[PDB]
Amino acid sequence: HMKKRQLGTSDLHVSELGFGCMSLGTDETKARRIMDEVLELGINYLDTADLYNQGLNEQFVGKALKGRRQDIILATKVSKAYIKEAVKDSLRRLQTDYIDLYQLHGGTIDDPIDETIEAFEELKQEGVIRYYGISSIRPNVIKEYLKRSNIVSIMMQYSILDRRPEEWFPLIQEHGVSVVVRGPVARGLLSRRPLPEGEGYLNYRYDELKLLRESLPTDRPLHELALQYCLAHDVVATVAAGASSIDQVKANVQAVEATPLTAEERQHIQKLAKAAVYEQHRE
């Protein structure tokens, strides 16, 4: 019942919900129980990289991979020497010999871009990684890697409340690249938790958040609307929703497996929600 999408033009076919951004805890036995359940749910994409300051314990993930490596798409994150030495450390902890998707974090336009690209290409030629991508909300970085590199994915914060990525979707898609979503529920603001009084989100004030929760369609839970809004864009290959329990993972799976938005439902959310753009790092 978990559908998959092609990650860019790569050979990786990733579950629409990916797993990351959940603590596996201190007990290895409990951690492996959590991972077994994740995989049992049909999630096959595991990103160990920090998302919102929460990553996955690589030693624990490594033990969960045992006997089924080929069935899992493993992503991690990281001048040529640094990029090479870094993935070696992850592989040792993960007890495997290749990463499916190796992603650059912290890229800027002032980095040594040719050197960086060459590092990833050499790792890919040698089979240490299968593909590479970036994690970025900087259009100037995105444009450079799309023009100059063979990235297959860009990880971006994206939700009903942060539509800044959408400006770049046509460009990304024209290059045959996919987006991997973080923050699809806006860190809880698109769920059942209260809106903290007086606090906003990006260019929303508190009162605008309150109003938008009320005005959005009420025929689906807000959490489901949020995940299905992300998925309603073909450029999106997978969404990495946050979870701090197996119950929360199952809730995410159920919402991703619900009926997709129609064209109409999508156009409706598009009208109701703000459509902001990135102010910084555009060029």
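Note that residue numbering begins at 1 and tracks the sequence as displayed.
Asks: Neighbours in the displayed sequence, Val78 and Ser79 may still hide a gap; how many deposited residues lack coordinates there, none, 1 to 3, 4 to 9, or 10 or more?
Replies: Missing in between: 10 or more residues.
Asks: Comparing average C-alpha B factors as deposited, tell me which of 262-270 and 14-22 sits higher.
Replies: Taking the mean C-alpha B-factor of 262-270 and of 14-22, the larger value falls to 262-270.
Asks: Using only the Cα atoms and their B-factors as the entry lists them, report which of 24-32 and 249-257 averages higher.
Replies: According to the entry, 24-32 carries the higher average C-alpha B-factor.
Asks: Just to confirm, going by the entry's C-alpha B-factors, which of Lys143, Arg205, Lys88, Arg130 comes out highest?
Replies: Each of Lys143, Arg205, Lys88, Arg130 was compared by C-alpha B-factor; the highest is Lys88.
Asks: So among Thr238, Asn44, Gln228, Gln59, who wins on Cα B-factor in the entry?
Replies: When the deposited C-alpha B-factors of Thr238, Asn44, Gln228, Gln59 are compared, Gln59 is largest.
Asks: Is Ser149 in the lowest, middle or highest third of its chain when residues are ranked by C-alpha B-factor?
Replies: Lowest third.
Asks: So where's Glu167 on the chain's Cα temperature factor ranking, which third?
Replies: Bottom third by C-alpha B-factor.
Asks: Should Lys4 be placed in the lowest, middle or highest third of its chain by the C-alpha B factor in the entry?
Replies: Middle third - that is where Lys4 ends up once the chain's C-alpha B-factors are sorted.
Asks: Taking the chain's C-alpha temperature factors as the reference, tell me which third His175 falls into: lowest, middle or highest.
Replies: CA B-factor rank for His175: middle third.
Asks: Ranked by Cα temperature factor within the chain, is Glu197 in the lowest third, the middle third or the highest third?
Replies: As the PDB entry reports it, the C-alpha B-factor of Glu197 lands in the highest third of its chain.
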